[PDB]
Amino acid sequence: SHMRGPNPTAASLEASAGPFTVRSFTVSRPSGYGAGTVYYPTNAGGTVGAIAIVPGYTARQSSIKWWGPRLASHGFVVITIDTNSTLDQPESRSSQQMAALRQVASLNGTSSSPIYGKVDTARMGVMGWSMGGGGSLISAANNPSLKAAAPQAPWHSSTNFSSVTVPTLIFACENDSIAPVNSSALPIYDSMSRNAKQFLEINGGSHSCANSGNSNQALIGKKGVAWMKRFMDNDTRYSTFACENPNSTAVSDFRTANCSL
């Protein structure tokens, strides 16, 4: 277990910012992806896990940027990427996600980097929107040492992720008409029998319901942070926040399995 920061509350997790001061930089020479921004805590008081976040088809870092400061402020290094092409498919997005994690591991070993010695390279997580969410699930299927996955409105050509053993939180958007819940997010969720998993559907949400500028940042932020704290840090202080039905008028559906309180 790798417990960092104060004992959590509903209030401290719903807030815009967690306890740590966040800085960021632009990756100089991206290795295996288009562009990256690294968000990091300046005063975490220990090494922190790393999370790589990938946008959807046509999209850039702006769509997923809000997660950087939100997660970093609770004790993570977060890299948000632009893909080599905005028209990359999910397999490519997954390779590029794992390339961003690789470079964060590299920068951890680079004395000139702001994140020199700040990362525990044994503790990594994946997130992303739509095809980037599909890519996060492919990353998890291919890399079972990953500690957590928290894709949003995921799409893949196949809904069968039955091999995934990584703790997986799926954010779904009730009224998604790009990747409908009934044909994407929910069948992806249903396919996974071997993991701690959760399904949180946002009431009236369109396809962008968990993107930068969403009106549910208190709820989505709290669940995203709690999931990553619980599973990346093995921080049982977050067991209730991670596993609980949040009991919110913004949630139209909640499912969870193998998630202990």
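Numbering starts at 1 and follows the sequence shown.
- Relative to its counterpart among 230 to 238 and 50 to 58, 230 to 238 has the higher mean temperature factor, C-alpha atoms as listed in the PDB entry.
- When the C-alpha B-factors of 220 to 228 and 198 to 206 are averaged, 198 to 206 comes out higher.
- Note on the listed residues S95, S85, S113, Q152: the highest Cα temperature factor in the record is that of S113.
- Going by the entry's values, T159 shows the largest Cα B-factor out of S130, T80, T159, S139.
- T121 sits in the highest third of its chain by CA B factor, as recorded in the PDB entry.
- In this PDB entry, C173 carries a Cα temperature factor that places it within the middle third of its chain's modelled residues.
- In this PDB entry, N143 carries a Cα temperature factor that places it within the lowest third of its chain's modelled residues.
- In this PDB entry, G68 carries a Cα temperature factor that places it within the lowest third of its chain's modelled residues.
- Among all modelled residues in its chain, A105 ranks in the middle third by Cα B-factor.
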